[PDB]
Amino acid sequence: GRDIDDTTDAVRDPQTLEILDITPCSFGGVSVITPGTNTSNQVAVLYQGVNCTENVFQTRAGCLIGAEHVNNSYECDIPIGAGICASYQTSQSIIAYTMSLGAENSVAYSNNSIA
Amino acid sequence: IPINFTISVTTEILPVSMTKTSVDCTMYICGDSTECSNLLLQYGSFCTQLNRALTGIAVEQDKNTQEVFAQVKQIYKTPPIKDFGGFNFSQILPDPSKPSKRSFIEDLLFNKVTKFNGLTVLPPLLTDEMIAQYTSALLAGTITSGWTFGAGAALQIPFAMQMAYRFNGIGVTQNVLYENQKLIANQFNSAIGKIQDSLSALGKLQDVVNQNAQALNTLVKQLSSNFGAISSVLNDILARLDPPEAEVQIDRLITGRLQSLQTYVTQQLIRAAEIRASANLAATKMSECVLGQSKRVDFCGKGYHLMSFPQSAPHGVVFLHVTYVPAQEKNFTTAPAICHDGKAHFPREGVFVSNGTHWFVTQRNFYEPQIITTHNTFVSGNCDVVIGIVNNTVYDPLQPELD
Amino acid sequence: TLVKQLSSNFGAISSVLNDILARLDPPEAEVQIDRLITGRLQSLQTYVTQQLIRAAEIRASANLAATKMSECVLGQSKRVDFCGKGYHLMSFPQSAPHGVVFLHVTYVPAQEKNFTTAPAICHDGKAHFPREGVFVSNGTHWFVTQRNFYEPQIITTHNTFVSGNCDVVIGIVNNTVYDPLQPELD
Ligand SMILES: *[C@@H]1O[C@H](CO)[C@@H](O[C@@H]2O[C@H](CO)[C@@H](O)[C@H](O)[C@H]2NC(C)=O)[C@H](O)[C@H]1NC(C)=O
Ligand SMILES: *[C@@H]1O[C@H](CO)[C@@H](O)[C@H](O)[C@H]1NC(C)=O
Ligand SMILES: *[C@@H]1O[C@H](CO)[C@@H](O)[C@H](O)[C@H]1NC(C)=O
Ligand SMILES: *[C@@H]1O[C@H](CO)[C@@H](O)[C@H](O)[C@H]1NC(C)=O
Ligand SMILES: *[C@@H]1O[C@H](CO)[C@@H](O)[C@H](O)[C@H]1NC(C)=O
Ligand SMILES: *[C@@H]1O[C@H](CO)[C@@H](O)[C@H](O)[C@H]1NC(C)=O
Ligand SMILES: *[C@@H]1O[C@H](CO)[C@@H](O)[C@H](O)[C@H]1NC(C)=O
Ligand SMILES: *[C@@H]1O[C@H](CO)[C@@H](O)[C@H](O)[C@H]1NC(C)=O
Ligand SMILES: *[C@@H]1O[C@H](CO)[C@@H](O)[C@H](O)[C@H]1NC(C)=O
Ligand SMILES: *[C@@H]1O[C@H](CO)[C@@H](O)[C@H](O)[C@H]1NC(C)=O
Ligand SMILES: *[C@@H]1O[C@H](CO)[C@@H](O)[C@H](O)[C@H]1NC(C)=O
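In the order they appear, the protein sequences are chains A, B and C. Take the first sequence: its letters are residues 566 to 619, 641 to 676, 689 to 713, numbered as in PDB author numbering. Take the second sequence: its letters are residues 714 to 827, 854 to 939, 944 to 1146, numbered as in PDB author numbering. Counting from 961, one number per residue, gives the positions in the third sequence under PDB author numbering.
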């Protein structure tokens, strides 16, 4: 059995005589985010392309280990992916959140007003 | 001299970023064969160099978007009251009714556009929701606060006065806008509808995606190449050979695949340089066309420029230019100057026009005759040096005061 | 990277030419010598291509810098957000190691106030249009001022002009404009 890449992905067992699937098992890359040697020493490893299967926090950018997840909005400091930014705020530890965009304020806009 | 005018909308699209990739040098070249890695380590730092180059491309990708779409620190939201001075802005502004925060044109564009070998792909830093939010904020800012929000704090201004200023910057008096604002509104709405229908193509975006796909596919297809050895599968070569003399086939495969990586990395660097140059140009266009009015000819659209409108697109940005163009023509007789009492006169800003019945003065872009006064002109020198001139009186508004 | 890449056998016996040219018979040294030559040439090619790329990038940045020097310094530029943040006044250059330093001096509005405006003004059934400013009113009367600095002024015939009746311009208001020439008539 082959694929678009003409690579073996389906085999027939001469004993059982059945359609067997082959799937890749070698995969993974390590990204390490730190708040800085001077500041502290706690770190939060990140895996680039694995489901959270192998304090975890699943994101579309991979499986993250060693960080607390909060809903509280904060300005983005360090990037990870998919609008997730980490920091060293509270004690102090590694946290993650959705990216924040400044502040919200509309304008008066009366059809006969000026500034 | 023109007598009528139409307002138009034109489009132009610019690429911003590509799809970042990442290829592991060692895991691609050799699979689970540990000894294949060992022989590679003789060659040294090639893998490290390639990895560093690709990471640099990856970070520059996000740098581009950060540069071209982050110009406002205050997320300005449109007030609930719609219909800004008679202009229908319903296709561009994101409707809260739609679940996805896009609007009609964004949806149309977004719909229109079409790992054991280390072909890892990373997501961008900013989600499409974020870029949509940027577009909405910029649109609201330039539609409610005029241009004086990219220079400081936003100031609310009615849309009519904003366009009235914009006319004043192109060389026409404020009379034209307030005299025919219903007509200009109807023409603008019709133009927006026409451009909405037109896209219902994107030649400058499907090109780069296809380029990257072709390059990656060539890499992947290069694996099956034998490269002058017994076979192509590393495991197969391992089984049927001996470690004492396995060096030949393994060495040849290493050389071939390494050379392939070299070529691919050079091509990727060239394409990245081109894309980043394009993104820089787009950023300049955003700074000039959007947050202000630029007098540079045929740069912020075609013809006299008034105001722009940005949007969002997959791996790109779509601009909407709003220009102003003369429509009809009517010939007239001209004269360099006019002499009244032996003293030469020159027009202040317009030009002398003679219908044949009499003489009149009007601006250069919209016919509007006026009675020749002493306030629309000024005097200097004699009438004996000008090449062409005609004899005609000049009215003085001081006469009624003599009663 | 180059100096490190020099010392690597590239699949040869060793990294020292003298050692190779001593241990092996000269008719047998050519294979090792050829391997070393190929490896070093490949590394040099990589380095030079990378350096050429970066030189091109720096040249592009340098043309950008030359344009900025030509425009911002040698006079003003209406190009908004090109010679700094906000409106642009001047610019002063400075020399730094392998680069330049620019000091943009700019103008930024500080704080504002609510105001009540109107497009045009009707005085004698015929409309009047401001020549450079806006019509604003704090409640008492109407005033004309520059676009971005509050300088109220008394509306005059020398401040506006007439273009027709007030029956078509929407949003107009009823008020009066003072003529300085009428009192002089006595
Ligand atoms: C300038 O051109 C526009 C576009 O045709 C004219 O607007 C039309 O005027 C006629 C005459 O009343 C109407 O029947 C149409 O409905 C108008 N719109 C269109 C789209 O045709 C306008 O009249 C022209 N300017 C002058 C001074 O006539
Ligand atoms: C061969 O396959 C058959 C059916 O799968 C099985 O019954 C038999 O034991 C197998 N014999 C050997 C020697 O593999
Ligand atoms: C750590 O940072 C603080 C303040 O940022 C500074 O005072 C201190 O000297 C730094 N220490 C080191 C080792 O960098
Ligand atoms: C991870 O695996 C679980 C178990 O099947 C599955 O429910 C989940 O959707 C997976 N997540 C991802 C991101 O693939
Ligand atoms: C704008 O045009 C659309 C097109 O049908 C219409 O549904 C909408 O009501 C219009 N909005 C205004 C304010 O006229
Ligand atoms: C230009 O317009 C005038 C109207 O007075 C007309 O007499 C003349 O023929 C026109 N020019 C041409 C080339 O037709
Ligand atoms: C304009 O051109 C005509 C054509 O010959 C000529 O007779 C006349 O003298 C010219 N006048 C001026 C002011 O150039
Ligand atoms: C204008 O009038 C003067 C006064 O008689 C005359 O000398 C001159 O020739 C006239 N210009 C013409 C006819 O172009
Ligand atoms: C502002 O209003 C007050 C009272 O309504 C008035 O005395 C004052 O003259 C107004 N401002 C100006 C600049 O006239
Ligand atoms: C401004 O909006 C209000 C809301 O009804 C309306 O009464 C008023 O006429 C509008 N003014 C202008 C100049 O359009
Ligand atoms: C302005 O005054 C005229 C003349 O008395 C009147 O007809 C018109 O309704 C007035 N308009 C306003 C807005 O006061």
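Beta carbons are placed, not taken as given, at the ideal position from N, Cα and C, and that holds for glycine.
Any non-hydrogen atom of ligand 2 within 7 angstroms of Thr1009/B CB: For the purposes of this step, residue 1009/B is taken as residue 266 along the second sequence, with counting starting at 1. No.
Same chain only: Cβ atoms within 6 angstroms of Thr1117/C, ignoring 5 sequence neighbours per side: Stepping through the third sequence from its first residue, residue 1117/C is reached at position 157. Correct list, in chain order: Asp1139.
Exposure label - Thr881/B; buried when at least 16 CB within 10 Å: In the second sequence, the residue the question calls residue 881/B occupies position 142. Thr881/B is buried by the Cβ-count criterion.
Spatial distance of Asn703/A from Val1008/B (CA atoms): Counting from 1 along the first sequence, the entry for residue 703/A is found at position 105. Counting from 1 along the second sequence, the entry for residue 1008/B is found at position 265. For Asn703/A and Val1008/B, the distance between alpha carbons rounds to 46 angstroms.
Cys1043/C in three-state terms, based on DSSP: Here residue 1043/C is taken as the residue at index 83 of the third sequence, counted from 1. Coil.
Nearest candidate by alpha-carbon position, reference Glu725/B, set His1064/B, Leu996/B, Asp737/B: Within the second sequence, the letter at position 12 stands for residue 725/B. For the residues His1064/B, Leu996/B, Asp737/B, the minimum Cα distance to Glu725/B belongs to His1064/B.
Chain C contact residues for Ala701/A, given Cβ-Cβ distances below 9 angstroms: The residue labelled residue 701/A in the question sits at position 103 within the first sequence. Going along chain C, no residue has its Cβ under 9 angstroms from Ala701/A, so there is no contact; the nearest lies around 18 angstroms.
Heavy atom of ligand 8 within 7 angstroms of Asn1134/B beta-carbon: Counting from 1 along the second sequence, the entry for residue 1134/B is found at position 391. Yes, ligand 8 has a heavy atom inside 7 angstroms of this Cβ.
Beta carbon nearer than 6 angstroms to a non-hydrogen atom of ligand 5: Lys795/B, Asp796/B, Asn801/B, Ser803/B
Near ligand 4: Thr588/A beta-carbon under 7 angstroms from a heavy atom: Within the first sequence, residue 588/A is the residue found at index 23, counting from 1. For ligand 4, not one heavy atom lies less than 7 angstroms from the Cβ of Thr588/A.
Proximity test, Cβ basis, 8 angstroms: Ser704/A and chain C: To locate residue 704/A, count along the first sequence from 1; it is residue 106. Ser704/A does not count as touching chain C.
When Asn953/B, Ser1037/B, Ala924/B are compared against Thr719/B, the one with the closest alpha-carbon: If you number the second sequence from 1, residue 719/B lands on position 6. If we check each option's Cα against that of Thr719/B, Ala924/B comes out closest.
Contact test: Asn606/A Cβ vs ligand 3 heavy atom, cutoff 7 angstroms: As a position in the first sequence, residue 606/A is number 41, starting the count at 1. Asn606/A Cβ: outside cutoff for every heavy atom of ligand 3.
Under 8 angstroms between C-beta atoms of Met731/B and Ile1018/B: The count along the second sequence starts at 1 and reaches residue 731/B at position 18. The count along the second sequence starts at 1 and reaches residue 1018/B at position 275. For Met731/B and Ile1018/B, yes; Cβs fall inside 8 angstroms.
Members of the segment 1065-1076 of chain C that neighbour chain A once the beta carbon cut-off is set at 9 angstroms: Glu1072, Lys1073, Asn1074, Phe1075, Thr1076
Proximity test, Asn1023/C beta-carbon vs ligand 10 heavy atom, cut-off 7 angstroms: The residue labelled residue 1023/C in the question sits at position 63 within the third sequence. No, the Cβ of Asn1023/C stays beyond 7 angstroms of every heavy atom of ligand 10.
Length of the line joining the Cα atoms of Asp1041/B and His1048/B: Indexing the second sequence from 1 puts residue 1041/B at position 298. Indexing the second sequence from 1 puts residue 1048/B at position 305. Taking the straight line joining both Cα atoms gives about 8 angstroms.
Check: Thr1006/C C-beta below 7 angstroms from any heavy atom of ligand 2: Residue numbering aside, residue 1006/C sits at position 46 when the third sequence is read from its first letter. No; taking the cut-off as 7 angstroms, the Cβ of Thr1006/C has no heavy atom of ligand 2 nearer than that.
C-beta atoms of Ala1080/C and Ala1087/C nearer than 8 angstroms: In the third sequence, the residue the question calls residue 1080/C occupies position 120. In the third sequence, the residue the question calls residue 1087/C occupies position 127. Yes, they are a contact pair.
Same chain, Cβ closer than 7 angstroms to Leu962/B, five either side skipped, listed in chain order: Here residue 962/B refers to the residue found at position 219 when the second sequence is read from its first residue. The answer, listed in chain order, is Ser1003, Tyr1007.
Interface positions of the segment 859-871 of chain B facing chain A (Cβ-Cβ less than 9 angstroms), listed along the chain: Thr859, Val860, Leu861, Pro862, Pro863, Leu864, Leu865, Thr866, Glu868, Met869
Residues with C-beta closer than 5 angstroms to any heavy atom of ligand 9, in chain order: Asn1098/C, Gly1099/C, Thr1100/C, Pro1112/C
Any 3 or more C-beta pairs closer than 8 angstroms across the segment 1033-1040 of chain C and the segment 1021-1040 of chain B: yes
Closer than 7 angstroms: residues whose CB approaches a heavy atom of ligand 10: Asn709/A, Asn710/A, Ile1130/C, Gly1131/C
The segment 1104-1122 of chain B contacting the segment 1089-1096 of chain B, beta-carbon criterion three pairs below 8 angstroms: yes
Contact between the segment 655-668 of chain A and the segment 860-868 of chain B (3+ Cβ pairs under 8 angstroms): yes
Spatial distance of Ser939/B from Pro792/B (CA atoms): Position 200 of the second sequence, counted from the start, is the residue given in the question as residue 939/B. Position 79 of the second sequence, counted from the start, is the residue given in the question as residue 792/B. Rounded to whole angstroms, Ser939/B to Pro792/B spans 30 angstroms at the Cα level.
Contacts of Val1094/C in chain A (Cβ-Cβ under 8 angstroms): Within the third sequence, numbered from 1, the residue matching residue 1094/C stands at position 134. When 8 angstroms is used as the limit between beta carbons, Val1094/C is near these residues of chain A: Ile712, in chain order.
Within-8 angstroms CB hit, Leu1049/C to chain B: Taking the first residue of the third sequence as position 1, residue 1049/C is located at position 89. False, the Cβ-Cβ gap to chain B never drops below 8 angstroms.
Same chain, Cβ closer than 6 angstroms to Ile909/B, neighbours up to 5 away in sequence not counted: Counted from its first residue, the second sequence places residue 909/B at position 170. Around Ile909/B: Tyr1047.
Element boundaries [beta strand (DSSP E), containing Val1096/B]: Residue mapping note: residue 1096/B aligns to position 353 of the second sequence, counting from 1. Residues 1094-1097.
Length of the line joining the Cα atoms of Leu878/B and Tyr789/B: Within the second sequence, numbered from 1, the residue matching residue 878/B stands at position 139. Within the second sequence, numbered from 1, the residue matching residue 789/B stands at position 76. Distance between the alpha carbons of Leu878/B and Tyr789/B is about 9 angstroms.
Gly1131/C: contacting residues in chain A (beta-carbon distance under 9 angstroms): Translated into positions along the third sequence, residue 1131/C becomes position 171. In chain order: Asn709, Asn710.
N- and C-terminal bounds of the beta strand (DSSP E) containing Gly1059/C: Counting from one through the third sequence, the residue named residue 1059/C turns up at place 99. Where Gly1059/C is concerned, the enclosing beta strand (DSSP E) stretches over 1059-1067.
Extent of the continuous alpha helix (DSSP H) run through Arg567/A: Taking the first sequence and counting its residues from 1, the one referred to as residue 567/A is at position 2. Element bounds for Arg567/A: n/a, residue is neither H nor E.
When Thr581/A, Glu654/A, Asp568/A, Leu585/A are compared against residue 627/A, the one with the closest alpha-carbon: As shown, the structure holds no coordinates for residue 627/A; chain A passes over it, running from 619 to 641.
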